[PDB]
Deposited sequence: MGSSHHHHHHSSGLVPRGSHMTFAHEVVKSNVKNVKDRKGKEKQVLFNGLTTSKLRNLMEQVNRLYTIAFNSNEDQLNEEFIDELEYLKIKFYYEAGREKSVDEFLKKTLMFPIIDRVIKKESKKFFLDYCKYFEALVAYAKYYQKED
């Protein structure tokens, strides 16, 4: 059983009240850019500049949620909003990478059920 699968599946009625993958591309580009910077770093303690990038990613989440109602529903039902606050708090590379895999799986299931 995949948690990201059940989350997306339980939100198909069409999907996240009219969510398409094209509405998340801005978030995907920012996540993929930070995923590469983190994956190509050494210490689990993320540098002070990277946390500032995470806070800006949080700003993008709220910006895109206000721009698209379906993205607001997607980020809320998937708990993307509370967990990014935890990724920033942990200041940890292991935790942020698990966050990216969770996000990638959600988008992958959204693209499939799209």
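- For this chain, the deposited residues without C-alpha positions form the stretches 1-20, 34-44, 146-148, given in sequence order.
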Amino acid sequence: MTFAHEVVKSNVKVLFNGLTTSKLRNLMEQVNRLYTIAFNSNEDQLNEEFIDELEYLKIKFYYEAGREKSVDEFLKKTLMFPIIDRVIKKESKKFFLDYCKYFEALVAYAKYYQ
From here on, numbers count along this sequence of modelled residues.
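- When the C-alpha B-factors of 38-46 and 75-83 are averaged, 38-46 comes out higher.
- Stretches 55-63 and 28-36 differ in mean CA B factor, with 28-36 having the higher one.
- Considering 90, 23, 101, 9 together, the PDB entry gives 90 the largest C-alpha B factor.
- Ranked by Cα temperature factor within the chain, residue 4 sits in the middle third according to the deposited record.
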